[PDB]
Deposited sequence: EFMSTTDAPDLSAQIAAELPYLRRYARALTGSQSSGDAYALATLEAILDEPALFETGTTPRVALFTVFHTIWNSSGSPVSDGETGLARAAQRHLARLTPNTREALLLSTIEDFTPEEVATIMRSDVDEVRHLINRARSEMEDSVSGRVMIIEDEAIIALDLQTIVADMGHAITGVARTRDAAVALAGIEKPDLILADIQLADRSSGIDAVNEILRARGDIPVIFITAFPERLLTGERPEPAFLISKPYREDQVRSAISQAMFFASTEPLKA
């Protein structure tokens, strides 16, 4: 049933729009506007592609149209990016669309998609080095994330395996970015650890890395702006880190 197929894909649309905007409120609003457009003008929903691709195609139309807070530092960083490059990269990595599917969604051809992705990775080489804190109780995961962070040119403030170790580490050195698992070693939650750090140290971008990200993509309650799945591919971690970094 197409109603049920669209409903199943809405969480991922929220994931994508939240990553583009850095915000749950903006991302969830763009995802909702996409569904509204499809209900108001059903002819917008291409039936010759998969519902997932058709849904994201409509979202990219709304995304391109002027319309619908953000730090002025983030606004300056984002303003220097080549248009449509971050969209093509995120669609290709975190959303795992093939290059032809990406060309469909952005109403382009596959060779321009390849250029946009290549331009995305070029501008990622000019980015400044930041400091990243990792909240993760599985030591092999933490070590793997450290390797990815380092090869991106970033520094690690440290690894925290419990909420309390995380609140303590953030007090020693305010990170530029937090990578956060949910269930920690002492059965405390990375969600609480993050909330406590942010109350104390101000807004810092946070990427939650979790199995079943769908449970944080409902739109019904406060939820993260950046979500990577477990298991993860390295390309998805690099895209999320570079994306969240724009929001300092």
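- Unmodelled regions (deposited sequence positions with no C-alpha coordinates, counted from 1) are 1-9, 78-84, 265-271.
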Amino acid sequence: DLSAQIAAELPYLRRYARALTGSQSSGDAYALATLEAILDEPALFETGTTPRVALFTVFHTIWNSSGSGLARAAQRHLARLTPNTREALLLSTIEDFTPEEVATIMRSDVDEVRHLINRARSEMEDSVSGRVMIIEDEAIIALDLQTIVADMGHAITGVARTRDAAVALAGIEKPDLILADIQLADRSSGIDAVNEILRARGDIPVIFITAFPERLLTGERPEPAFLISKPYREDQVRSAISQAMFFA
From here on, numbers count along this sequence of modelled residues.
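- 126-134 and 112-120 differ in mean CA B-factor, and the higher of the two is recorded for 126-134.
- Between the stretches 31-39 and 59-67, it is 59-67 that shows the larger average CA temperature factor.
- Across the options 214, 223, 181, 203, the residue with the most elevated CA B-factor in the record is 203.
- For the set 26, 218, 210, 47, the PDB entry assigns the largest Cα B-factor to 47.
- In this PDB entry, residue 244 carries a Cα temperature factor that places it within the middle third of its chain's modelled residues.
- Sort the chain's modelled residues by C-alpha temperature factor and residue 105 lands in the lowest third, per the entry.
- Among all modelled residues in this chain, the alpha-carbon of residue 174 has a temperature factor (C-alpha) in the highest third.
- Remark: residue 89 belongs to the lowest third of its chain, ranked by C-alpha B-factor as recorded.
- Remark: residue 79 belongs to the highest third of its chain, ranked by C-alpha B-factor as recorded.
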